[PDB]
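So this first bit is one chain, no partners, the form deposited in one PDB entry, shown in structure tokens.
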């Protein structure tokens, strides 16, 4: 209650402090957006495999992006970054995180245990122990409180769209989590119920529907081209009755914006 407004304002202030450098991928000599897309999708699988929370995934992605923002990494070592980030997120977010051996095991023993632990140590240094990042997932759960009443399909779909954003560094690094979450929530709300970005949320966020358009346009295309995309773990994950099979809902042809 009395803290809800302050927490939003705070995550807003912090999401600027925890954003990666937008054009870091252009300065990474040996990795592409494509490689990262492969990595994040694999993490989605790991997240399903070990039944880890969705917050854990979002955090890991943020650690990976922030890491790469200042550290050149060879392709052969990208996954090592990915693994350790996932380990750290598990340690931060999960109640009982999977043991290191489990994070070793899932890489077909490409890296030893000695390596993963050292990478954890290095990521902690590079991130300067700053692990409590705001995520799309965090902003959605806030925006959900502004539903009248709460609609489970809307929520699962918005979640699905936000999750999809993680995969494609182009364009989504262009947008703050609060913005993506906004675009996601509106799109899901429009798909399921027909309603739009509510008045209450406009006031809270300061974001008008008009200001959400650019991001909304991009997210709409990702939603449309979802079954053609090279990475597919999230779609599979959200076909599940757990998330009301939302990945099978037909996207609207136009957004009437």
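Residue numbers count along the first chain shown, from 1.
Not pictured, yet referred to below: the form deposited with a partner chain bound.
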Practice prompt. Indicate whether the candidate residues 35, 38 and 106 are all in contact with its partner chain in the deposited bound form, with contact defined as any heavy atom within 4.5 Å.
Written response: yes
Worksheet item: Heavy atoms within 4.5 Å of its partner chain in the deposited bound form: which of the stretches 42-50, 218-226, 186-194, 205-213 has them?
Response: 42-50
Worksheet item: At the 4.5 Å heavy atom threshold, is residue 78 in contact with its partner chain in the deposited bound form?
Response: yes
